[PDB]
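Q: Take a look at this one; I'll ask things after.
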Amino acid sequence: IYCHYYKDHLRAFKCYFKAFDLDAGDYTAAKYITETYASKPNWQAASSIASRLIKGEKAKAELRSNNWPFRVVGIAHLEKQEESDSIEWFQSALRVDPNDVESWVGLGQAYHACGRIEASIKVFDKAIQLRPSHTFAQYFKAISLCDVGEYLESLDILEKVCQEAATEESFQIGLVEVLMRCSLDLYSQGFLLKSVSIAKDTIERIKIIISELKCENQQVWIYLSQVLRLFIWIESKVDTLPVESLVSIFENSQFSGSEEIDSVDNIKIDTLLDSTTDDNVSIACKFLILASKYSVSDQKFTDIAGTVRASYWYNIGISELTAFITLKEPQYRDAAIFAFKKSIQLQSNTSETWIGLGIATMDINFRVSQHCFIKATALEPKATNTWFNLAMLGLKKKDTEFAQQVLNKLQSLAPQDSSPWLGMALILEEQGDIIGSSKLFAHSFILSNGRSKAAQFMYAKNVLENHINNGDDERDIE
Amino acid sequence: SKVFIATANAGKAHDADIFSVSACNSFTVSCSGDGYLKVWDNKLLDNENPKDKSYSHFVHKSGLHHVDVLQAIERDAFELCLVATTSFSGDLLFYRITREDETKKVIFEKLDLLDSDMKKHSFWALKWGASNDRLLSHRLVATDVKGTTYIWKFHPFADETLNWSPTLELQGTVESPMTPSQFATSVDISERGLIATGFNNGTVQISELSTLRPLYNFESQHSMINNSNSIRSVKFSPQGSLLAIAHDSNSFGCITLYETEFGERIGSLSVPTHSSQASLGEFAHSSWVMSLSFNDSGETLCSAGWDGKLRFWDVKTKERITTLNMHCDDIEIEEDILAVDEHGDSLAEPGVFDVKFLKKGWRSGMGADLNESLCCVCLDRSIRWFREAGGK
């Protein structure tokens with residue numbers, strides 16, 4: 001009566017709530033209450049009503065036709081970030097109404113949270129198949145596609161969406177994500193020149209985000225940070241780097257600023273471009289730092305246990321360190337150590353920060369650098385980088401045997417990496433057993449498959465040093 | 001599904017070396033040095049000799065060393081099937097193919113599309129550009145001994161209701177970048193509207209099909225002895241921006257992969273081949289790579305070498321998936337096995353003149369999972385067909 005005739009929401013709700021408690025077998029009440037709470041939104045309640053109804057088994061006949069209880073429990077489980085539990089519910093809901101789009105979407109989203117990624121692809125694909133006017137399904141499908149590694153489709157999707165609803169943030173950020181992932185991937189796989197193009201593209205997109213939406217995620221700045229590295233690493237097209245776009249990207253976004261960090265590196269948006277006679281590379285470095293540094297613990301953000309602060313200072317540390325290694329200027333080293341120090345206190349369990357600290361301490365005093373590397377090896381035992389860096393320090397202090405021992409340990413650990421073999425070679429070229437050294441440089445290069453600069457360089461050098469005056473004839477194919 | 005298994009054979013298909021082979025939905029056409037074009041029905045029924053469903057037709061006295069066929073369904077009503085060929089004379093011949101009313105026998109109609117000024121050119125390679133929204137009109141690319149690429153547009157109808165009258169409009173040319181100009185040994189055109197032109201000096205030039213503008217050109221390495229390196233075949237990847245270049249390093253065949261956005265070298269396909277007796281070398285084939293072909297998916301690259309081996313590589317990992325060894329006695333008909341040639345040389349392991357991937361459904365087979373297929377022509381005057389053991 002209240003629901004249809006008197007138009008009294010509160011009283012009707014109270015009544016139905018009073019009813020369900022006594023009956024538990026009347027579809028109507030459950031539906032009204034659930035619908036009311038679904039809009040609130042308070043899913044922890046709807047999950048209770050719905051679950052109670054389903055478990056009741058007093059409406060087995062009604063639920064053979066309408067699927068909302070299952071869905072509701074599922075969604076409730078989704079928003080608790082217990083996706084694995086969510087599946088059995090969605091899967092069951094769709095068995096009733098296989099045309100229920102949002103349940104497919106939810107299901108695929110749950111799959112994606114269980115690394116059933118290709119399945120996610122398929123689910124979202126069906127979701128779109130039903131409702132092709134669905135933007136979120138396309139988004140999710142795009143991301144999953146990106147995760148599986150098919151960037152083209154992902155990008156066509158995300159661009160096609162981003163055009164259609166440029167008002168929304170998630171889509172744009174997604175475009176950036178997929179783009180930079182494409183960049184790093186294509187860089188890693190050897191497509192060096194195209195990587196830069198994708199980098200320029202994605203930075204332009206980031207500029208567009210900051211200018212069009214003024215939308216500030218923690219992620220965009222990391223994305224930019226990761227993209228910029230490419231200009232730094234591959235100097236050939238470092239001139240492609242758009243200064244203007246960057247200046248705009250930084251000028252538009254508002255950062256409170258950190259004097260303690262800024263004072264170490266001497267980098268501000270107004271200051272860095274003021275310098276004259278500095279190469280594009282250094283400019284890129286400065287932008288890398290500024291970007292990594294500008295990343296925002298935005299308003300209304302809830303940092304769980306404060307890991308994010310550590311990640312922030314850490315990222316800053318890595319960036320500073322990159323600048324230091326690239327430019328060989330102490331400010332970036334001091335800044336790097338400072339940042340890693342700041343990050344360490346906040347966290348103190350992540351192996352990866354101690355590594356950076358160790359790297360940043362190789363020159364000043366080895367004992368601490370070692371100490372860091374050792375702590376790192378202890379904090380992540382499966383980490384192969386640590387041991388190698390430590391070995392390289394081992395070489396730095398001219399301890400052959402040690403470095404060789406560590407490197408042997410690595411060959412034991414991970415023989416697929418080119419690095420350890422290269423190190424082992426270098427030791428032997430310093431040692432003088434040059435034939436075996438050449439064998440090793442060769443093997444290292446071969447395993448590298450063009451991954452590392454030093455491998456290629458050292459290989460070529462060694463090939464020459466061997467075959468320049470040993471009396472080779474032009475006929476010898478090899 | 002990268003395991004191919006042989007389906008039908010025709011031995012002694014010609015009286016002289018078969019140089020090029022091509023196919024479409026309806027048939028597989030093979031040209032040879034006897035100047036005869038040979039249409040082989042793709043649609044065969046169990047245990048039927050391909051030669052029973054082979055239709056042959058003369059073309060030029062000198063012989064033909066390149067053939068390509070274009071089959072489209074032009075208007076919603078009309079079916080278009082057109083074979084183009086280059087003869088050793090250099091002449092570019094065109095033949096419309098159609099089938100008899102009831103007999104379903106093949107009928108050739110030599111079409112005359114070129115003007116007298118054009119006919120004077122000595123063409124070598126050719127390729128048909130299907131109407132894949134590149135522009136709306138079917139295009140034809142060809143190469144001459146002077147190192148120029150000719151680009152025509154092919155209009156089968158008169159000013160757009162529909163009547164049959166074919167015309168080839170010369171869109172224009174793309175001259176080689178080098179000087180002296182080199183011999184344009186092969187050509188290909190991509191789905192995204194790019195022409196690749198391969199010269200005999202290890203140089204390849206990438207240009208736009210639509211705008212006839214050259215975009216760039218790259219070269220192949222190890223140039224110690226000038227006459228060594230030359231490009232045998234170039235083929236675009238359907239899927240990606242990839243381009244596979246097959247070139248010689250004197251006495252050996254090499255496949256190099258370039259990506260076409262910025263046109264850089266991304267890898268090279270090789271396997272342990274023979275060098276210096278006991279030693280092991282890194283080439284694609286112990287002898288020259290004669291021709292390339294990509295599967296529909298673009299994941300597999302099949303290479304036909306002069307060493308009588310068809311090698312199928314995986315493009316993504318750049319490693320080799322599998323290898324097929326050609327033999328004179330693979331042929332199902334004993335009387336058609338060509339053990340030794342005219343001079344009494346042995347053709348036990350006959351080099352592969354050419355290879356081609358056939359799309360799923362072209363080659364009809366009984367009680368086999370409808371799948372992709374393969375075709376190749378080999379020095380023993382033999383034409384072989386395989387199917388890709390797979391599923392659908």
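Following the order of the structure tokens, first chain is A, next is B, and so on, with residues numbered from 1 inside each chain and ligands from 1 in the order they appear.
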Hey, which bits of chain A sit within 9 Å of chain B, and for each residue what's the closest pair of atoms and how far apart in Å (one decimal), counting only C-alpha atoms, rows by chain and increasing number, as CSV?
A:
residue,atom,partner,partner_atom,distance
A:189,CA,B:266,CA,8.5
A:190,CA,B:266,CA,6.2
A:191,CA,B:266,CA,6.5
A:192,CA,B:264,CA,8.4
A:193,CA,B:262,CA,6.2
A:194,CA,B:262,CA,6.3
A:474,CA,B:224,CA,8.1
A:476,CA,B:276,CA,8.4
A:477,CA,B:275,CA,7.5
A:478,CA,B:281,CA,7.3
Q: Could you take the residues named above and write them with N, CA and C atoms, as a short mmCIF file (atom, residue, chain, number, x, y, z; two decimals), in the first residue's frame?
A:
data_model
loop_
_atom_site.label_atom_id
_atom_site.label_comp_id
_atom_site.auth_asym_id
_atom_site.auth_seq_id
_atom_site.Cartn_x
_atom_site.Cartn_y
_atom_site.Cartn_z
N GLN A 189 61.94 -4.64 -26.34
CA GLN A 189 62.02 -5.63 -27.40
C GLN A 189 62.94 -5.20 -28.56
N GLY A 190 63.43 -3.96 -28.55
CA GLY A 190 64.40 -3.51 -29.55
C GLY A 190 63.92 -2.45 -30.53
N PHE A 191 62.62 -2.21 -30.57
CA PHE A 191 62.04 -1.20 -31.45
C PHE A 191 62.34 0.19 -30.90
N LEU A 192 63.62 0.55 -30.90
CA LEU A 192 64.09 1.76 -30.24
C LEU A 192 63.43 3.04 -30.76
N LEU A 193 63.43 3.22 -32.08
CA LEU A 193 62.94 4.47 -32.65
C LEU A 193 61.44 4.65 -32.42
N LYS A 194 60.66 3.60 -32.63
CA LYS A 194 59.21 3.69 -32.43
C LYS A 194 58.88 4.00 -30.97
N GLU A 474 90.64 -12.35 -45.98
CA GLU A 474 89.32 -11.86 -46.33
C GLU A 474 88.38 -12.98 -46.74
N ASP A 476 87.99 -15.94 -45.03
CA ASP A 476 87.45 -16.63 -43.86
C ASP A 476 86.07 -16.12 -43.45
N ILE A 477 85.03 -16.88 -43.80
CA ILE A 477 83.64 -16.47 -43.58
C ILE A 477 83.36 -16.05 -42.15
N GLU A 478 83.73 -16.92 -41.21
CA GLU A 478 83.45 -16.70 -39.79
C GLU A 478 83.87 -15.30 -39.37
#
Q: Name all residues at most 7 Å from residue 265 of chain A (count only C-alpha atoms; drop same-chain ones fewer than 4 positions away) and give them as a compact mmCIF listing (two decimals) with N, CA, C and O atoms, in the first residue's frame.
A:
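Output file selection_5.txt is given in full below:
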# COMPACT_ATOMS: atom_id res chain seq x y z
N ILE A 261 64.01 18.77 -0.54
CA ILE A 261 64.38 18.01 -1.73
C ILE A 261 64.85 18.96 -2.83
O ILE A 261 65.87 18.71 -3.48
N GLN A 331 75.20 16.71 -6.88
CA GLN A 331 73.93 17.17 -6.32
C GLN A 331 72.89 16.06 -6.37
O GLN A 331 72.16 15.83 -5.41
N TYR A 332 72.85 15.38 -7.51
CA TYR A 332 71.88 14.32 -7.74
C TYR A 332 72.18 13.09 -6.89
O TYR A 332 71.27 12.36 -6.50
N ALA A 335 71.09 14.21 -3.36
CA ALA A 335 69.63 14.17 -3.40
C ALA A 335 69.12 12.73 -3.40
O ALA A 335 68.15 12.41 -2.70
Q: For segment 328-340 of chain B, work out the shell of residues within 8 Å, counting only C-alpha atoms and skipping chain neighbours fewer than 2 positions away, then give it as a PyMOL selection string.
A: chain B and resi 8-12+326+342-350+380-381
Q: Please provide as a ChimeraX atom specification all residues within 9 Å of segment 219-224 of chain A, with the sequence filter that same-chain residues fewer than 2 positions apart are discarded (counting only C-alpha atoms).
A: /A:173,176-177,180-181,199,202-203,206,216-217,226-229,288,291-296,315
Q: What would the file look like if the residues just selected were written as a tab-separated table (two decimals), in the first residue's frame with N, CA and C atoms?
A:
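Saved the output as result.tsv:
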chain	number	residue	atom	x	y	z
A	173	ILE	N	43.65	8.43	-18.33
A	173	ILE	CA	44.76	7.83	-17.59
A	173	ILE	C	45.08	6.45	-18.16
A	176	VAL	N	47.06	6.82	-21.34
A	176	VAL	CA	48.45	7.07	-20.96
A	176	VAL	C	49.12	5.76	-20.55
A	177	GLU	N	48.50	5.03	-19.63
A	177	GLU	CA	49.05	3.77	-19.16
A	177	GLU	C	49.43	2.86	-20.32
A	180	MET	N	52.40	4.24	-22.43
A	180	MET	CA	53.74	4.13	-21.87
A	180	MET	C	54.19	2.67	-21.73
A	181	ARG	N	53.25	1.78	-21.43
A	181	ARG	CA	53.58	0.37	-21.35
A	181	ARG	C	54.04	-0.09	-22.72
A	199	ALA	N	56.57	7.55	-26.92
A	199	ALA	CA	56.86	8.42	-25.78
A	199	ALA	C	56.37	9.85	-26.03
A	202	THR	N	52.62	9.85	-25.87
A	202	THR	CA	52.07	9.73	-24.53
A	202	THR	C	52.31	10.99	-23.68
A	203	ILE	N	53.47	11.64	-23.83
A	203	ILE	CA	53.69	12.91	-23.13
A	203	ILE	C	52.70	13.97	-23.61
A	206	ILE	N	49.57	13.28	-21.86
A	206	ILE	CA	49.65	13.75	-20.48
A	206	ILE	C	49.45	15.27	-20.39
A	216	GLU	N	44.66	15.21	-11.46
A	216	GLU	CA	45.92	14.82	-10.83
A	216	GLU	C	45.83	13.47	-10.12
A	217	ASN	N	46.35	12.43	-10.75
A	217	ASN	CA	46.46	11.12	-10.12
A	217	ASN	C	47.88	10.90	-9.62
A	226	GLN	N	58.36	7.28	-16.06
A	226	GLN	CA	58.80	6.09	-16.78
A	226	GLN	C	58.99	6.36	-18.27
A	227	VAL	N	58.14	7.21	-18.85
A	227	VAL	CA	58.26	7.56	-20.26
A	227	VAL	C	59.52	8.36	-20.54
A	228	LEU	N	59.77	9.38	-19.72
A	228	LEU	CA	60.90	10.29	-19.94
A	228	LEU	C	62.25	9.56	-19.98
A	229	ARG	N	62.34	8.43	-19.28
A	229	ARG	CA	63.60	7.71	-19.19
A	229	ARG	C	64.09	7.35	-20.57
A	288	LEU	N	62.77	14.62	-15.66
A	288	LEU	CA	62.51	13.32	-15.05
A	288	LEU	C	62.37	13.51	-13.54
A	291	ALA	N	59.32	15.62	-12.58
A	291	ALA	CA	58.13	14.81	-12.74
A	291	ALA	C	57.97	13.88	-11.55
A	292	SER	N	58.99	13.06	-11.32
A	292	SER	CA	58.95	12.09	-10.22
A	292	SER	C	58.65	12.79	-8.90
A	293	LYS	N	59.14	14.02	-8.78
A	293	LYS	CA	58.99	14.80	-7.56
A	293	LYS	C	57.60	15.43	-7.44
A	294	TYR	N	57.04	15.86	-8.57
A	294	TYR	CA	55.73	16.52	-8.58
A	294	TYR	C	54.57	15.59	-8.23
A	295	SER	N	54.82	14.29	-8.14
A	295	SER	CA	53.73	13.34	-7.92
A	295	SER	C	53.01	13.62	-6.59
A	296	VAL	N	51.68	13.59	-6.64
A	296	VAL	CA	50.85	14.18	-5.58
A	296	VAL	C	50.21	13.17	-4.63
A	315	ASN	N	60.87	6.64	-5.54
A	315	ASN	CA	60.84	7.06	-6.94
A	315	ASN	C	61.71	8.28	-7.17
Q: Set the distance at 12 Å and use only C-alpha atoms: which residues neighbour residue 366 of chain A once local chain neighbours fewer than 2 positions away are removed? I'd like the list as a PyMOL selection string.
A: chain A and resi 357-364+368-374+390-398
Q: Enumerate the residues of segment 25-215 of chain A with a DSSP assignment of helix (DSSP H, G or I), computed from the backbone, and present them as a VMD selection string.
A: chain A and resid 27 to 39 43 to 56 62 to 64 68 to 79 83 to 96 101 to 112 117 to 130 135 to 148 151 to 164 169 to 189 192 to 212
